[PDB]
Structures are given as C-alpha cells and as structure tokens.
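Notes follow the structure.
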Amino acid sequence: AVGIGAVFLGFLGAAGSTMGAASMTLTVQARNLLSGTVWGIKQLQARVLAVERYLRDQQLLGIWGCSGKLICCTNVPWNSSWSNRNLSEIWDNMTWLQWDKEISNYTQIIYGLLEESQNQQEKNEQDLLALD
Amino acid sequence: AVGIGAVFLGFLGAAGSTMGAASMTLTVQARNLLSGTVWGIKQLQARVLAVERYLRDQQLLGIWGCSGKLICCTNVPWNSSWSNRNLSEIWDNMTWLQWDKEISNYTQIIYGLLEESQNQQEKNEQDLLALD
Amino acid sequence: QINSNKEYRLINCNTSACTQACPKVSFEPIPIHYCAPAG
Amino acid sequence: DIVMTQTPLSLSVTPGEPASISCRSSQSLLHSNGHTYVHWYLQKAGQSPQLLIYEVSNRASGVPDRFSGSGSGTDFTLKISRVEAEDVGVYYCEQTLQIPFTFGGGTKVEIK
Amino acid sequence: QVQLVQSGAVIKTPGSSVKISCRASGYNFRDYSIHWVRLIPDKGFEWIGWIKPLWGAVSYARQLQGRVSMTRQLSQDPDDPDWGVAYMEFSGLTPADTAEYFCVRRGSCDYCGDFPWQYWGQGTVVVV
Amino acid sequence: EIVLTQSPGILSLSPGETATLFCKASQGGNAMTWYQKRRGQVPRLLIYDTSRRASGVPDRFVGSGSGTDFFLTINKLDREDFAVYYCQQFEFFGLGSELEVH
Ligand SMILES: *[C@@H]1O[C@H](CO)[C@@H](O[C@@H]2O[C@H](CO)[C@@H](O[C@@H]3O[C@H](CO[C@H]4O[C@H](CO)[C@@H](O)[C@H](O)[C@@H]4O)[C@@H](O)[C@H](O[C@H]4O[C@H](CO)[C@@H](O)[C@H](O)[C@@H]4O)[C@@H]3O)[C@H](O)[C@H]2NC(C)=O)[C@H](O)[C@H]1NC(C)=O
Ligand SMILES: *[C@@H]1O[C@H](CO)[C@@H](O[C@@H]2O[C@H](CO)[C@@H](O)[C@H](O)[C@H]2NC(C)=O)[C@H](O)[C@H]1NC(C)=O
Ligand SMILES: *[C@@H]1O[C@H](CO)[C@@H](O)[C@H](O)[C@H]1NC(C)=O
Ligand SMILES: *[C@@H]1O[C@H](CO)[C@@H](O)[C@H](O)[C@H]1NC(C)=O
C-alpha cells in the first residue's frame, strides 16, 4: 500500500548514511530535541539543562540569517584551508560523523565569520531601505 | 472620544465569539502566555513548566513555515474527510471551542502533514538557488 | 565481651550508634530503567 | 517473528447486519510521525488483493462508510457496517510499521 | 488483595446483645467505608448502616435506631498501618432477628458509588 | 422509599442457553447493581452502574437498560451460574430471582 515503515526511519535513523540522504530527513532529529524531594531536583536540573542548551542552539542560529528555516545558504566563501575536499564527494562519499572530525578545529572561525557576514548584510539592507 | 474600553477586550475576551471576530485580536491571548524552602520549589516547577510548554508550541510552529508570523498560509490541501463543512459558515457560524471538538481526531495527521510540506518546500528552495 | 560473670554489649555500640530499618519497606530488587534526558 | 492472528475463521453474514473482523499484532503499531500503520485488504478468489483501509479511522479516496477502522495498540478491528453482494471475499490484516511485512491468515466471508 | 475476616457463630437469648468483629486487612483502613448487611431468610437482604472509620462517623437505618452501635479501632503504630477492625453491637435481640450478618466494603473503582460493595466478609450466622 | 421488583421468580433453563433477568425500579435516573449468591456461599458482585463489570467476571455477563427498566442478560449458561440474583439500589434489595436446571 501507500505508507510503509521501511523508508520512514526514526530518531538518529540515518546516522551512518551519507549526507545526501541524511539531509533528506532532518526534522526527525529536530523535533525530538526538547520534549523527548531530592530526585525531583534531579528532574529540575535535567529539564532546565534541556531547555537551556536548546535555546543556545536557537540563538547561534538566530543571529545568523537563519531564524527557523533549518536549511539556509549564506554569503561567506569556503576557504579551502578548512576542508580542501572536493564538492562532488562530500554529499555521497562521506558521512556526517566522519565530517564532524574533519572540521572540528575550524569551528568558532566559521561561527565568528557568520555573525559578521549577517550584521554587515543587516545594516546594508537598512541603508538600501533608508535612501528610498 | 477616541479610545474606549468596549471593543478593547481582555484575556480570553472573544472566547465565545465567532472565528471571524476572534482572529481579529489574537495577540491578547499571545502575550499573556509566558509572563502572566519547599514552596519555592512549587515556584520553580511552575515556572519551568510554563517556559517549557511555551517553547514546545514555538517549536511545532517553528518547523513549519511560520517562524513568528502568527497567521500564515500553507500548501497542504484541505481533505474533506477531516471536517466536511462549508467554508462560508466556519468563519461566522461556529466558534473556536466548537471547532476544537470538531477536529481533535485529525490533529497529528495535520501536524505530520505540515512538517513534510515544509521540508519538501525547503530543499526545493535550495535546488532553485543552487542551479543559479 | 566487656572484660565470675559474663556480660556483653553490642558490637556497633563503639563509635556508631545506628538506626533500625522499618519493616514496612522491603529490600527486594525491583527493575530500574535508566533513561537519558532530552537531547 | 510477529504474529498476525485473525478472528474468526469464517463468517456467514446477513446483508445489513454489522459485521466485524478482528486482527491482533504482537505489539503496538503507533509510530512517532502520527500515523497508525495497520492496514486492511480485500481479495476475491482468483483476483489480486486491493487496499481498503489505510491509516485507520480514516476512509480512503474511493471506499464508502461500509468499512471502518478502529481499535488501539495490539487490538485492531475491521468493521463491515452494511453488507452487499460484493462484500464476499477474503480479508487480510497487515502491518506496515516494521520490516518485514506480515499478513493475516485470511478471513473468508460467504453468502447464505 | 482485600480480606475481611469476621467472628464465629454465636447462640444468644432474647434480650442479649451480640458483638460481631470485622477485621480488615490488605488496604489502608483510614480511607474506605465499612457497611453491615444482614441477610434474613424469606426477606432478602437488609441494610443496617455504615461507619466511616477515619473518625468513626456512623449512620444507621431508620428502623434499627436505638438497637445498633458501631465502633472502630484503628492501627496506632507506623510499623503496620493498614490493618484495623470494625465492630457492631446489635442490642435487644428477638427470635425474629436470627439471620446472617455480613460486613462489606466498596470497591476501589472511582466510577463507583459507596454501595456497590466489592469485598465481603465470610458471613456470621446468629441464632437466637 | 425506592422499591425494587424482580420479574421472573423461578426461571428454569438448561445449560448453554441464554437467560434474561428483568428488574423494575420505582424511581428513574439511577444506577443498578447485580449480586449473585450461590447455594451456601458468600455473595459476589457482577454489575455496577448498570453496565460495567466486577473484577474477574467473564464477558458473557452483560447488563443494560435505563430509566425504570434494567435487564441482566447472561449468554452461554454454565452449570455454576444457576444461583439467586439480586438487584440493589442505594440500600434497597430485590427479593431475588432463582435459576434452576430443567
Ligand atoms: C450520581 O449522580 C452523578 C451525576 O449527578 C452520576 O454521575 C454520572 O453518571 C453517568 C452514568 O453513570 C455518567 O455517564 C457516563 O459517562 C461516561 C464518560 O463519558 C464522559 O464523556 C462524555 C462525552 O464527552 C460526557 O458527556 C460525560 O459527561 C463524561 O464526561 C460514559 O463512558 C458512560 O457511557 C457508558 O455507559 C452508558 C450507560 O451505561 C452506555 O450507554 C454507554 O454505551 C457506555 O457504556 C456514561 O455516559 C456521567 O459521566 C456521570 N458524571 C456526571 C458528572 O454526570 C452518578 O452515576 C450518580 N450515581 C448514582 C449511584 O446514582
Ligand atoms: C571499639 O570497640 C571494638 C569492640 O571491642 C574494638 O574492637 C576490638 O578491639 C580490641 C582491642 O583490645 C581488639 O583486640 C579486637 O581484635 C577488636 N575486635 C575486632 C573485631 O577487631 C575497637 O578496637 C574499639 N575501637 C575502635 C576505634 O573501633
Ligand atoms: C586539529 O589541530 C591539531 C593540532 O592543533 C592537529 O593535530 C589535528 O590534526 C587538527 N585536525 C585536523 C582534522 O587536521
Ligand atoms: C473521533 O473518533 C471516535 C472513535 O475513534 C469517534 O467516536 C468520534 O465520533 C470521532 N470524532 C468526531 C468529531 O467525529
């Protein structure tokens, strides 16, 4: 029939698959990220650590150009000193966990580059809107 | 004069009115949704339940096309097996509490339909942007 | 033994006076499912 | 393997009386995406099986209210409300929740 | 489980006064009412009255007032707080009162009145 | 006072058949309870709130009806079910119908 349990995977379902098939379904890891007298305080400090580290990822996402769009292009070019890999491989050769080792030095340079490339784009949108 | 207390209602003000007059003022139920040694823990588990179930509604809203727009069209058609009602009535005949009984079986089918209709629209926006 | 006659004392009476266990509670093992929090 | 048992074996139903065919899985069939992945099929002898009820308590695009789906976790009932002459055939219960797809043993309904 | 153990059968004289224990065990005695039903031959069942054993507030039948009295005794120790005992002093007997006496209890059921009694006593027959 | 009247008196049947038991009240809009008492045993509960079942009662026991009429229908009679059956509303009991073998 229509609707089967084969290609409709679950949480962390495509965790070994290639990036071109992991970016097909990103919402399944997205929605299970917030919901799911001293052992009540083990409940409190487990809850306010979940809603805190969710908001922290929604803030670093927020101050770039991506409010809730969940996939978004940007303006910074890709300097080959970061990864030096071909484009035609890294969407069907590697997998995401193999990528996260391959780049982990160069984050906080990209995260610093993204904020300035947004705030430069933000006021330049205003200067276009101000003259007209 | 200008500015009267008649049509400027309060919290849950239009709760019996029709949908065409309840969607006139949706912000009044919106803004009173977050703000307003053991009975301090009755304060803590009342606060982190308020900010948690607010973020849960802001996440289900977020992964559809509606970041903070608070009224937004979408792309899924309205299958008449859900409601089978006329359009010309349900904005001036019924009221919202009468609607919530009339549809409550068919949620989590609509909420599942909305995520796939966004993520299909999300990557197709990228494939339009990638070729040019 | 506290050292005729023969009079003893409790062994934990030196250095640690300690509680009973209420016979309402029980020391049987029940299963415990450890769960990760959100995220 | 998960077991799909069908009750009863065969029913001789009168045209008009509500008929019920039940099938039970080995576990619950509710998935996190929002759909219950329990289905029901109609087969005539010498004819390929056709889907009747997908995503139960919702009708398909071409079947009337003569068929119905209801139940909960591990308990699934197919209800035939109004019996016609074309209602005869063998019905099958089948899960599309997990791999593999397991089918029912078959429930024959005949005419009197 | 819930168990209600009664007292044994007696042989009384017209003008005496019985006392019928009903020892409850297996549930928290400070929560659920205890009634008393008398079963007479050729008359069917007959109610007597309940006792809410938290404080001991009773209420009898209309035609048995002045002749029945129900007390209770709780369990005043934290090592075993579930058990307890209800009583019934049925005073001023008659040869027309020889019957079987049952102590009952409602069911932990929550869609369920006080009167649909689930667990029953073993039955005490009283001959006059 | 609410009075309860049981209809059939002695209802004699054979095992395997289906018996009905009709009990009539005198005040509408209430619940009903059905007590089964065997010969020389402690009575037990079957029905409360006119439709539900007690703990550990087979599903051949079913009761229905509202207003002033209340039925207790037993399908597929056993050999143990030949007992006296009692109605009960709030304190008042029926006099009890009897089930006998044929
Ligand atoms: C003392 O008085 C109180 C109220 O004054 C009575 O309480 C009501 O009793 C009735 C009947 O027992 C209850 O009605 C039952 O409700 C159940 C739950 O339904 C809920 O949801 C519906 C739909 O939203 C609401 O309309 C409803 O109010 C409930 O909130 C149903 O499951 C029941 O149906 C079952 O039983 C009937 C009759 O047996 C069958 O026909 C059905 O098919 C089904 O098997 C039933 O409808 C009612 O909920 C109770 N509460 C209230 C607040 O009204 C006491 O019964 C009464 N007690 C005595 C001893 O007299
Ligand atoms: C507390 O009391 C215990 C009980 O007597 C002492 O344990 C014994 O001490 C004597 C000392 O003369 C030893 O000969 C024994 O071998 C000890 N018994 C055991 C089982 O070891 C203990 O020394 C006391 N003091 C402390 C600090 O525990
Ligand atoms: C990251 O830097 C360390 C030293 O700074 C180096 O050893 C390591 O190889 C670098 N990672 C990659 C993937 O090159
Ligand atoms: C929702 O489903 C239940 C059974 O699944 C049904 O009884 C009820 O009528 C349905 N709700 C509506 C509004 O049709």
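Chains as they are written, first to last, in the deposited numbering: chain B, 512 to 547, 569 to 664; chain D, 512 to 547, 569 to 664; chain G, 183 to 185, 187 to 222; chain L, 1 to 30, 30A to 30E, 31 to 107; chain S, 1 to 52, 52A, 53 to 76, 76A to 76G, 77 to 82, 82A to 82C, 83 to 100, 100A to 100F, 101 to 111; chain T, 1 to 102. Just so it is clear, CB atoms sit at the ideal spot from N, CA and C, and this is done for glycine as well.
Out of curiosity, what's the CA-to-CA distance linking D/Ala532 and D/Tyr643? C-alpha of D/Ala532 to C-alpha of D/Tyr643: approximately 25 Å in a straight line.
G/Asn197 beta carbon near ligand 2 (any heavy atom closer than 7 Å): Yes, since a heavy atom of ligand 2 falls inside the 7 Å radius drawn around the Cβ of G/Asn197.
Going by DSSP in three states, B/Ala533 sits in which element: helix, strand or coil? helix
Quick check on G/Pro220 - is its C-beta less than 8 Å from some C-beta in chain B? Yes, its Cβ sits closer than 8 Å to a Cβ of chain B.
Closer than 7 Å by beta-carbon distance: list the chain B residues that pair up with D/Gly594, in chain order. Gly600
Just to confirm before moving on: does the CB-CB distance between L/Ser22 and L/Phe62 stay below 8 Å? no
Taking DSSP as the reference, what is the three-state secondary structure of B/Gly644? helix
What are the uninterrupted segments assigned as beta strand (DSSP E) that are 3 or more residues long and contained completely in the stretch 22-83 of chain T, given in chain order? 33-37, 44-48, 61-64 and 69-74
Can you give me the Cβ contacts of T/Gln88 inside the same chain, cut-off strictly under 7 Å, excluding the 5 residues immediately before and after it? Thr33 and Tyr35
B/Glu657: beta carbon under 7 Å from a heavy atom of ligand 3? no
Would you say the beta carbon of L/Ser52 comes nearer than 7 Å to a heavy atom of ligand 4? True, at least one ligand heavy atom lies under 7 Å from that Cβ.
Thinking just about the alpha-carbon of each residue, which of D/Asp659, D/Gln650 and D/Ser615 is nearest to the one in D/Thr639? D/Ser615
Mapping DSSP to helix, strand and coil, what is L/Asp70? strand
Give a single yes or no on whether T/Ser26 has its beta carbon closer than 7 Å to a heavy atom of ligand 1. Between ligand 1 and the CB of T/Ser26, the shortest heavy atom gap is not smaller than 7 Å.
Could you check if L/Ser25 is buried or exposed, using at least 16 other CB atoms within 10 Å of its CB as the buried criterion? buried
Does ligand 3 have a heavy atom nearer than 7 Å to the CB of B/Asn637? yes
Cα-Cα separation between B/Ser649 and B/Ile595, rounded to whole angstroms: 10 Å
Option nearest T/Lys37 by Cα separation, candidates T/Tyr85, T/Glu17, T/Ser12 and T/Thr5: T/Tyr85
What is the residue span of the alpha helix (DSSP H) that B/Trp628 lies within? Run containing B/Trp628: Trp628 to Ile635, per the alpha helix (DSSP H) assignment.
What is the DSSP secondary structure of L/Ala40, reduced to helix, strand or coil? coil
Closer than 7 Å: T/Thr73 CB and nearest ligand 1 heavy atom: The answer is no for T/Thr73.
May I ask you to check if the CB of S/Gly100B is nearer than 7 Å to at least one heavy atom of ligand 1? yes
For S/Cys100A, go through chain T and note every residue whose CB falls closer than 8 Å to its CB, in chain order. Against chain T, a Cβ distance below 8 Å from S/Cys100A picks out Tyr48 and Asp49.
Nearest-angstrom Cα distance between B/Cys604 and B/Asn651? 16 Å
For the putative contact between S/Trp50 and T/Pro43, defined by C-beta atoms under 8 Å, what is the C-beta separation to the nearest angstrom? Incorrect: roughly 18 Å between the Cβ atoms, too far for contact.
Is L/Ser22 a contact residue of ligand 4, with contact defined as CB to any heavy atom under 7 Å? No; taking the cut-off as 7 Å, the Cβ of L/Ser22 has no heavy atom of ligand 4 nearer than that.
Can you find a heavy atom of ligand 4 that lies under 7 Å from the Cβ of D/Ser615? no
To the nearest angstrom, report how far apart D/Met530 and L/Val58 are at their CA atoms. 33 Å
Alpha carbon to alpha carbon, how far is T/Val57 from D/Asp624? 51 Å
T/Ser55 Cβ short of 7 Å to ligand 1 heavy atom set: no
If we define contact as Cβ-Cβ less than 8 Å, is T/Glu98 a contact residue for chain S? no
Cα-Cα, which of T/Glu100, T/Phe93, T/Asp78 and T/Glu98 is closest to S/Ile40? T/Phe93
Using a threshold of 8 Å, state whether the C-beta atoms of S/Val77 and S/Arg38 are closer than that. no
Just to confirm, is the Cβ distance from S/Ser33 to S/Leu82C under 8 Å? no
If you compare alpha carbons, which of L/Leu9, L/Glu105 and L/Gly30D is closest to L/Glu81? L/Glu105
Chain-order list of residues whose beta-carbon lies under 8 Å from that of T/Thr68 (same chain, five-residue window excluded): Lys24, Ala25, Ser26, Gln27 and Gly28
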